[PDB]
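Take a look at this single chain, the form solved without its partner chain, given in structure tokens.
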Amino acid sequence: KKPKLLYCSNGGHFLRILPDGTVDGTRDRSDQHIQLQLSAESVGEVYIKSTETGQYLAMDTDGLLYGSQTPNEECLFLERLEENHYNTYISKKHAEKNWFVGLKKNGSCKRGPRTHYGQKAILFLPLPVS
């Protein structure tokens, strides 16, 4: 465990959970809302928590990412380590569909159904921060 940044290979954005529950990315490394905490619920699954607001990254039923005040089943992701030290993160509540956490090249969140293995959108490199 520990405070990580999750760097998105697609446009070079840190995954950001804004206080209003909005999920996007920024290039600004000083941003308060890119500090995350990963917690292994079981072996395969992780929660990804903002260490600024205590919000947990979540995916709703339409594949939209949001920050959730309190850890429901929408907040659990499977962390699979990949080819290049980059991880991907699959929704649990929708694993069967292969909904990934992803960001677009402009830093916008990419809704789960538009993700697909092999895309740069879905690849996040965990970086110990400070």
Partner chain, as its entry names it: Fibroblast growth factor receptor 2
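Only residues modelled in both forms are compared. So that the term is clear: the rigid core is the largest set of C-alpha atoms that superpose within 1.5 Å between two forms. Positions refer to the first chain, counted from 1.
As for the form deposited with its partner chain bound, it is not shown, yet the points below apply to it.
Asks: Hey, in the bound PDB entry, does residue 66 get a heavy atom within 4.5 angstroms of its partner chain?
Replies: Heavy-atom contact with its partner chain at 4.5 Å: absent for residue 66.
Asks: Test of understanding: in the bound PDB entry, would residue 94 fall inside 4.5 Å of its partner chain by heavy atoms?
Replies: Residue 94 lies outside the contact set for its partner chain.
Asks: Report yes if any heavy atom of residue 61 sits within 4.5 Å of a heavy atom of its partner chain in the bound PDB entry; otherwise report no.
Replies: The answer is no: residue 61 has no heavy atom within 4.5 Å of its partner chain.
Asks: What residues of 77-95, in sequence order, lie within 4.5 Å of its partner chain in the bound PDB entry by heavy atom?
Replies: Going through 77-95 in order - heavy atoms within 4.5 Å of its partner chain in the bound PDB entry - the hits are 84, 85, 86.
Asks: Core aligned, which of 73, 83, 62, 96 has the Cα that shifts 2 angstroms or more between the shown form and the other one?
Replies: Result of the superposition: 83 is the only one at 2 Å or more.
Asks: After a core superposition, which runs of 3 or more consecutive residues shift by at least 2 Å in C-alpha position between the shown form and the other one?
Replies: After superposing the rigid core, the only shifted stretch between the shown form and the other one is 83-85.
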